[PDB]
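Let's start with one chain on its own, the form deposited in one PDB entry, as structure tokens.
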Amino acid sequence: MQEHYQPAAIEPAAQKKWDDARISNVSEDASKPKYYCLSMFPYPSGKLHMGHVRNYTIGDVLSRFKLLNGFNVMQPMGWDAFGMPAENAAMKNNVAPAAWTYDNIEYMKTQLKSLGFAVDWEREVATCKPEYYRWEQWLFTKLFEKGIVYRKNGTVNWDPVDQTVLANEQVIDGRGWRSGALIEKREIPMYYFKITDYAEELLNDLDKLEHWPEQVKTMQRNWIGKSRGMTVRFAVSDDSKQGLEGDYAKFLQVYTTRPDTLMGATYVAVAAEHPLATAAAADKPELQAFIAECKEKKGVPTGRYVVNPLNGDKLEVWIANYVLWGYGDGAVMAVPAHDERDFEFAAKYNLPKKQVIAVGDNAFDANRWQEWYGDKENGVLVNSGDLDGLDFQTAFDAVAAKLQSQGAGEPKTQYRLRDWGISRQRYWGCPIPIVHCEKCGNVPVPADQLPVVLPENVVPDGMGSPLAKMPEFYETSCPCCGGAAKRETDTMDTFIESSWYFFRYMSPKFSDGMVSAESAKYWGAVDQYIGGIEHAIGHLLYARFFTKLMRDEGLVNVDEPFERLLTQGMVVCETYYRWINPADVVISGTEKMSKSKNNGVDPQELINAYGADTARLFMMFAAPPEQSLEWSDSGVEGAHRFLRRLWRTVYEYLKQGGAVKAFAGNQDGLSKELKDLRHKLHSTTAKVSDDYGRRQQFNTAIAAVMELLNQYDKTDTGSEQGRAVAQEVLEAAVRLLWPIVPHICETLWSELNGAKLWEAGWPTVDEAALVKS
């Protein structure tokens, strides 16, 4: 054993030792229990930095920990090759997207292999490969027939810089997720995933996720935005029916979020395009000027009356400029006494305010709005008949049974979740398998003729969809009739491949479907998922929706894709722009380590200067995995000094007697200072085993091993029994730190014990060494 700690010699040799052993290339071995640990797979938008290194190290620490405990661990690594992240980097460097992606894929693969992660590289996947995106094309066509995927025109978010439409989850604070430019609204036909059909299921199965951060679960609940309301039909008075015809001659439908205020409704609003408005304006030019006005808050009365179905009040129908047509049934009711917007609309034209809700005993001010009138949590009913005294949860249920008895209403549920538009006017993306025929229409591509191969030899000029300028691509024959037809030149979003890549890892070479029904049953769901919280509304929701699709198609049998979720904290560093890199202007301050700010420390520059063990140790020790981590060079130096201490500790031990048999069995006869050291040992083994697999607190697990070494240095171990205890302390330490730093621990383990480390396994707690003296 050399006296100096040389990472340049111990790390490549240990990586080859692991590669030759093939301890990460796992199959469906039924002997061991499975453990699917997954880290969010990166965008090939350039070189990885230490921020990604923390993400993938946190996953490696968990994967190596379970592996040491006799687990069949699958830690796979892939490349999120399609979409804007890679294509924008290709255009920024003036390179074809296919070339820039593949060359950066092979650089990022060598970046991760230098860090020595326990990755099953035989399961490596590139989303841009046709052997991959053919199956999301397959699922696209099968869902298109079922109507779950549909094409429709409408109002969409438009990115002027990225020159493409965006989904609602890709619009961050009214700006684009990749561009930051302000989003515009356009009328463009798109392909949508009917994610609203799964809105209720995506909301209830959230409670199943007991091992998800409650922040991620809460953000999804607000994004779905479920609200329970009431659809109320107001019978038009027999005199006010003159003019209307159809359903609008019988009743007028409204939706209200607070239907406990039904009796307190003093009037009713309507839209300008509503037939009840145009019929009342056929003889009134004062309303034909309002109908033509909007087509603030203004309103005109038309003498039309509807019947409040719960008390019989004859509420007049007002034409308002705030009732948007097409949204809902194009009409609402008005309760000014318990609605701020209706209080302003009624204090504007002097309309009644029959109070119906009390909050404890706050004196009701008639013409003074107060925040207690919208209290849907601490309110009973007044002046409502058989509703007086019922809370909102009871007043809702009583009004529902009341309206259903007359047939003038029923409860209705609404979500703020809109359908998922996936059409993109970009080149680098999965082609949409739809062929437009003038005779047949939008027909899907036959499954035998999949994939619709995206030509890789394209360099976008930067002015419009490049696929719409390639006749040799979009000119084809109709698969239904055989005539002239055009291919769909729009491509899918990058969040389509990332919504099922965790299943493709189970069978990356399977040529008959998305995932083999055999391996899908063996791996089940992802046991541990690690990735940034920025995907709580986008990817982490898209993945759950795609899983419920693939399940309802018969390809997988689980409901949720990820059991546990760990949103690791962001690594931060000072930034400079004019963007300038620290190792090479203005001072932007401490910011997230990102390529879009050029404050990223390259992992390869650190391994060349300190080694992979030093970089991984600094990431795991500087802070808990969920906490933000500030980059510190002294933190890098201190982590290296400890790895020197661990190396020098084993050297001086071996240089003073050589390897002996580690102490085991009954410890009576041992001295107190050695009984105390074995006590600290097995307290550390239990503390580390608990900080890894329960608390997931790696920094305090490293600190616990350091305290064990502090007591080892303070304990005299030169005797015959001291060496045996000293052999036990070091055999435990190099196995406890192995998930954090496997290169140095594998080297020191073989210098202490001839056996293979992973067959020695995780250190056990000798509880006899824990009892006090």
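Numbers follow the displayed sequence, beginning with 1. Throughout, rigid core stands for the largest set of C-alpha atoms superposing within 1.5 Å between the two forms.
The next section is about a form of this same protein that is not shown, the form deposited in another entry.
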item	value
Moved residue between this form and the one not shown - picked from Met492, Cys573, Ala281, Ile195, where its Cα shifts 2 angstroms or more relative to the rigid core	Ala281
Core-superposed comparison between this form and the one not shown, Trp325 Cα displacement 2 Å or beyond	yes
Rigid core superposed: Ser240 CA moves 2 Å or more between this form and the one not shown	yes
Rigid core superposed: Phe71 CA moves 2 Å or more between this form and the one not shown	no
